[PDB]
Amino acid sequence: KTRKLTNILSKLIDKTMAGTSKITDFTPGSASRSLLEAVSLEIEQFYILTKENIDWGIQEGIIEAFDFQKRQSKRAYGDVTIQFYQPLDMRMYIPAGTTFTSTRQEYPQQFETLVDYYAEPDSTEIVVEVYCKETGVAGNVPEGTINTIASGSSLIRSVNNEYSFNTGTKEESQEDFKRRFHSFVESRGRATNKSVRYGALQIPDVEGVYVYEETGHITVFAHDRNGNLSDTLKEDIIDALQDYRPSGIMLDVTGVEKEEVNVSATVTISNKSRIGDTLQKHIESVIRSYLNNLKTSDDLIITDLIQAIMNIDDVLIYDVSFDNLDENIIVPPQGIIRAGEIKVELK
Amino acid sequence: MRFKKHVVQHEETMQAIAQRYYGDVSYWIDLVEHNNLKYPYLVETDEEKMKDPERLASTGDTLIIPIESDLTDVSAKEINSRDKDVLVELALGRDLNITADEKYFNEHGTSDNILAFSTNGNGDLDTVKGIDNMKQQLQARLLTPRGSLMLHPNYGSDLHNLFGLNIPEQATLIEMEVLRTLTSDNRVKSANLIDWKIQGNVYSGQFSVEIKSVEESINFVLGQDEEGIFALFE
Amino acid sequence: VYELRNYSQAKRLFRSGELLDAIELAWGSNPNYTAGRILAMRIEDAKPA
């Protein structure tokens with residue numbers, strides 16, 4: 001694949017010998033061997049450079065063409081303001097590596113300048129750029145954090161960073177980069193049940209989509225958080241799925257077959273003094289949250305509801321019973337369960 | 001764990017560093033890999049380093065060389081004279097000054113309540129270090145009667161009982177007791193008689209004490225780096 | 001005039017300035033022959049607050 005230093009030197013010597021017999025000393029310390037060794041070192045360094053470039057190209061060349069940037073790890077950097085008590089009475093000099101720090105336990109991060117700076121006599125305040133010593137987001141200190149110089153002259157009135165730092169980043173892994181590329185490529189797909197479902201889900205107010213396929217017809221079930229499908233949202237879905245549906249195929253949009261379950265419960269309780277309106281409303285809010293959290297294909301298992309109600313409190317709640325709920329309410333994929341009228345009776 | 005850290009020198013190269021430390025240029029790629037350097041490894045000045053501060057190093061930047069270094073097995077010739085002074089100071093220990101007011105407890109050597117603590121003049125307790133420390137400890141051991149100190153039967157000297165007759169025999173007994181007392185100290189490599197005389201009542205003698213050499217103390221302290229105690233429990 | 005032996009002693013005495021940098025350089029000028037008992041002085045006719 002590549003030559004190396006010893007091989008390059010050997011070939012150079014062999015070619016030199018073949019070219020002429022006027023040189024035969026190739027021992028260490030020879031001018032000629034030194035020159036060939038230097039050329040060999042330079043060539044080996046260019047080989048490593050080519051290796052680095054190709055290793056970068058293998059994993060970033062193609063995907064970069066599609067406007068996808070891999071996030072490199074960076075040091076947080078930004079501008080800071082240094083104010084002087086008076087206009088400077090001589091040219092002040094700040095050497096590279098001059099450290100800036102903060103007087104807090106929340107931000108022990110240390111910042112330093114990477115270049116020399118000069119403040120003219122006429123100046124009264126000069127801005128400089130400082131770089132966080134550590135890579136990562138730990139250097140993204142908020143506004144007003146950097147407020148101290150460790151090697152500044154007494155003439156300074158105050159140090160302050162005028163804006164929060166945000167350039168600190170963590171390296172994006174190769175697998176995440178591939179996943180984003182592959183996601184984008186999949187999103188280019190069209191005229192399929194998966195692609196229709198994806199394009200419906202990209203709509204803002206759509207929470208859940210079921211696509212049912214028939215020969216020569218497609219019907220799309222959608223719902224919002226509430227289990228409802230507004231006419232406006234329906235029209236939006238249709239307009240967005242004009243670009244997605246296959247040619248010569250009919251597409252229809254319909255609401256999800258919502259099913260509002262009314263639950264009257266009788267809750268036995270131990271502490272009779274804690275019986276009141278607030279506990280009733282808390283229990284009812286828990287039941288409503290449980291019922292409304294169910295997704296499109298989720299069946300209402302009564303034993304899990306009982307578990308949840310009893311887990312509100314392991315000793316206070318004594319026993320529960322329902323008259324409406326006699327057996328588990330199985331629903332199809334296109335039929336969501338939602339919270340209906342809820343009543344709770346404390347016993 | 002400890003590693004060497006190298007400051008980039010003017011117009012240095014990675015191959016030269018590898019040859020200098022690993023004794024072979026072949027490790028330069030390992031040095032790049034460990035330090036995470038881009039192709040222009042050692043830029044001319046900080047203006048180039050501004051282009052990529054993370055992946056580039058300029059002149060005066062510190063590199064890490066992952067070679068397991070150890071402070072022992074280091075040539076004492078490299079160590080600076082101040083560093084040797086500090087090392088022997090650590091070896092011979094620091095202790096609270098009690099032998100202040102030499103005249104007083106020299107006037108009453110055999111008695112108790114003879115020495116006391118003192119202040120350094122800066123409102124902190126006085127301290128004796130290095131040779132002063134050795135002086136203090138040797139004086140205190142010689143002055144202490146043997147067996148009088150609690151928790152330490154053997155610490156002390158029998159000179160309080162050697163106030164015998166004026167003949168060479170008692171002189172020899174004193175000399176032998178003093179040599180025993182000095183030998184008892186671990187730091188005292190050896191002790192030996194120089195000269196003595198008798199002036200009727202008064203006995204006079206002088207000794208020569210060879211403490212452990214600078215090399216031995218340096219080796220001991222640098223060995224102690226492995227443990228990190230840096231203290232004396234002799 | 002003051003007698004200096006340690007860098008902490010000079011940092012306590014001399015808060016900052018070029019003189020402290022010169023003391024540091026002098027105790028770090030060479031690996032094997034750094035000087036000792038450096039005698040330092042402030043030229044500024046300063047006053048206390």
# chains A, B, ... in the order shown; residues from 1 in each chain; ligands from 1
$ closest_atom_pairs --of "chain B" --to "chain C" --cutoff "9 Å" --atoms "only C-alpha atoms" --output "tab-separated table"
residue	atom	partner	partner_atom	distance
B:77	CA	C:32	CA	8.6
B:78	CA	C:32	CA	6.3
B:79	CA	C:32	CA	6.5
B:80	CA	C:32	CA	4.7
B:81	CA	C:33	CA	7.3
B:82	CA	C:36	CA	7.7
$ residues_around --residues "region 11-16 of chain C" --least-positions-apart "2" --cutoff "12 Å" --atoms "only C-alpha atoms" --output "short mmCIF file (atom, residue, chain, number, x, y, z; two decimals) with C-alpha atoms, in the first residue's frame"
data_model
loop_
_atom_site.label_atom_id
_atom_site.label_comp_id
_atom_site.auth_asym_id
_atom_site.auth_seq_id
_atom_site.Cartn_x
_atom_site.Cartn_y
_atom_site.Cartn_z
CA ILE A 149 -7.46 37.99 35.28
CA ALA A 150 -4.72 36.01 37.02
CA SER A 151 -1.78 38.06 35.62
CA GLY A 152 -3.33 41.46 34.91
CA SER A 153 -1.96 44.83 35.99
CA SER A 154 -3.66 46.84 38.74
CA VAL C 1 15.35 45.24 50.84
CA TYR C 2 14.05 41.69 51.38
CA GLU C 3 15.62 38.22 51.33
CA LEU C 4 13.79 35.68 49.16
CA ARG C 5 14.14 31.90 49.15
CA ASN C 6 10.75 30.57 47.95
CA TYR C 7 8.39 31.63 45.18
CA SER C 8 5.45 31.70 47.57
CA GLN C 9 7.33 34.21 49.74
CA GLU C 18 7.84 42.57 36.20
CA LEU C 19 10.00 42.05 39.31
CA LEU C 20 8.11 38.88 40.24
CA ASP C 21 8.54 37.62 36.67
CA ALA C 22 12.28 38.32 36.94
CA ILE C 23 12.52 36.40 40.21
CA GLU C 24 10.71 33.47 38.59
CA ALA C 40 14.63 42.28 45.63
CA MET C 41 13.41 45.87 45.86
CA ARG C 42 10.40 47.93 44.76
CA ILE C 43 11.22 51.23 43.03
CA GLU C 44 7.65 52.61 43.12
#
$ residues_around --residues "region 8-24 of chain A" --least-positions-apart "6" --cutoff "8 Å" --atoms "only C-alpha atoms" --output "JSON, numbers by chain"
{"A": [33, 36, 37, 40]}
$ closest_atom_pairs --of "chain A" --to "chain B" --cutoff "7 Å" --atoms "only C-alpha atoms" --output "CSV"
residue,atom,partner,partner_atom,distance
A:49,CA,B:39,CA,6.5
A:74,CA,B:54,CA,7.0
A:114,CA,B:46,CA,6.8
A:115,CA,B:46,CA,6.1
